[PDB]
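Below sits a lone chain in structure tokens, taken as the form solved without the ligand.
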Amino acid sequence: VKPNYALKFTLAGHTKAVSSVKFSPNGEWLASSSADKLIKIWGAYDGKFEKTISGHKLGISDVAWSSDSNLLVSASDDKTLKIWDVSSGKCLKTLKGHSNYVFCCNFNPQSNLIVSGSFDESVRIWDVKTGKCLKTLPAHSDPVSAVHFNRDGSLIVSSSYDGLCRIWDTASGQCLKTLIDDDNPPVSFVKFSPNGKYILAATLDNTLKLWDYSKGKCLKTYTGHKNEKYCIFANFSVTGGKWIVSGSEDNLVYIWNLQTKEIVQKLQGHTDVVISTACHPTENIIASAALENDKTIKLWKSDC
């Protein structure tokens, strides 16, 4: 069995590289962040431009949604994160504390917390309600490329160009686990599987790996694409067949069969590196976003 993703819409508007796209948990929206300092909101089904959200003084590397789809948090080169009320487009809180570019961000499932990773090599945990930084974790020895909470918010996984994936106890701040194969290529992306039992990790040697968290071993390996330079988002696609989805530096979206590790689709259309992909929470819809020579977001839809 294979998916049949086909291009449906191209979302144009950003004036610089698009850095990250994410679907709202309610499925209504796509948020995109860009080097142009802006967040844009688009209809998830029709691709229709909804609104521009502005405020950051420099470009943005990541955006993420609260579980109730009412808030966004963005991570910027201006050293801040901002929490945004989506409906009004207003900045509710500016999270200050990082001493270098903020690179990645995510809410926990309860959405009372935000986790951030920075070029300052730390991971921070923020109280959404007060905007106060609860913990500064001395997580890594190189920029932090990704941060993600598990199912129940009890754990945070982080990755870094230092070659490490680390798993943190949210409540205590303790490092519970360090994952690494018999080598140290930079880890460019990490996230928990939807059931929280696995971790998908990208490394800058053209490879994605599925790790069993509890056992601490690599189970599956996905290859064939190009990823040597950029921190490209990857995904578990679950609304239809069970796929792994990633961007690639050859301007394609790659889709693998999770179980068999075979490439099942390569989506062509972008004209620069596909830095970000996202999967719709209920429908078979993939959003992809590309760097500066392209500037577009594409929505792709499939029957499985």
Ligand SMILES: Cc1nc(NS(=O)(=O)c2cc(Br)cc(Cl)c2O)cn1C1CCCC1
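In case it trips you up, residue 1 is the first one in the sequence shown, and so on.
This protein has a second form, the form solved in complex with the ligand, left out of what is shown; the following refers to that one.
Partner proximity in the bound PDB entry, defined as non-hydrogen atoms within 4.5 angstroms of the ligand, places exactly one of 107 to 115, 167 to 175, 192 to 200, 90 to 98 at the interface: 192 to 200. Only one of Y254, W42, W243, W65 lies close to the ligand in the bound PDB entry, with a heavy atom inside 4.5 Å, and it is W243. For the residues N70, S54, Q268, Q259, the 4.5 Å heavy atom test against the ligand in the bound PDB entry is passed only by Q259. Contact here is defined as any heavy atom lying within 4.5 Å of the ligand in the bound PDB entry, and by that definition each of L210, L219 and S237 is a contact residue.
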